[PDB]
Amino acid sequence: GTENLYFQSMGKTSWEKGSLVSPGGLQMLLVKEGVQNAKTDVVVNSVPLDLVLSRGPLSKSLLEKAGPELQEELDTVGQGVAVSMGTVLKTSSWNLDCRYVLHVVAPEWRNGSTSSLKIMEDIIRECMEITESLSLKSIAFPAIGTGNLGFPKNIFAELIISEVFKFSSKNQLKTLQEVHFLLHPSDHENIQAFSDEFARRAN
């Protein structure tokens, strides 16, 4: 579709549809759209420890589109469990076009803490594992961590893309076929970072 970005080839004289396929067959797509318009089976949201969905711009976009039930169901899920760093909570999608939202408590950059890298990578891995376990086909990651949590966008781009490759190399997948990277149309920094990394991988 028209929301599928291209990336410029490293030689600069060509442009390629924003699509990369791992050797194992897992497809990654560069998509320019609001997370609120995602149509994958799963969409990933980053949330604080207290699970309030109206504090960050990403989550707030999801809340407004989905309706107040998203906050209500999230709070329901969180009641029985001790919510901590890295926890993933699943809800239904309400007025969103996806089937499930995976709400993740993502870490602060903390000046490039190695702890934060590891935690973010493991969140990303886990969300894909969950998606496969639910027998679902596709998952959309927006650029979680790159706003209030302060992950540099170039570093986040290579982090998530490398994790998707790694996950694909280590797993035989029965249903998970697509990972979409959802970039907000005005987030020119993320669009560049993700495009640059696709160019590198393709070369």
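All residue numbers are counted from 1 along the displayed sequence.
Using the B-factors recorded in the PDB entry, average over the C-alpha atoms of 22-30 and of 143-151, then report which stretch comes out higher. Result of the comparison: 22-30.
Which has higher Cα B-factors on average according to the PDB entry: 108-116 or 90-98? Per the PDB record, 108-116.
From 123, 130, 83, 74, pick the one with the largest CA B-factor in the entry? That would be 83, according to the entry.
Tell me which of 162, 169, 45, 40 tops the list for C-alpha B factor in the record. That would be 169, according to the entry.
Ordered by C-alpha B-factor within the chain, which third holds residue 136? Give me lowest, middle or highest, please. Residue 136: CA B-factor falls in the middle third of its chain.
Ranking every modelled residue in this chain by its Cα temperature factor as given in the entry, which third contains residue 173? As the PDB entry reports it, the C-alpha B-factor of residue 173 lands in the highest third of its chain.
Would you please rank residue 183 by its C-alpha temperature factor against the other modelled residues of its chain and give the third it falls in: lowest, middle or highest? Middle third - that is where residue 183 ends up once the chain's C-alpha B-factors are sorted.
Taking the entry's C-alpha B-factors for this chain, is residue 35 in the lowest, middle or highest third? As the PDB entry reports it, the C-alpha B-factor of residue 35 lands in the highest third of its chain.
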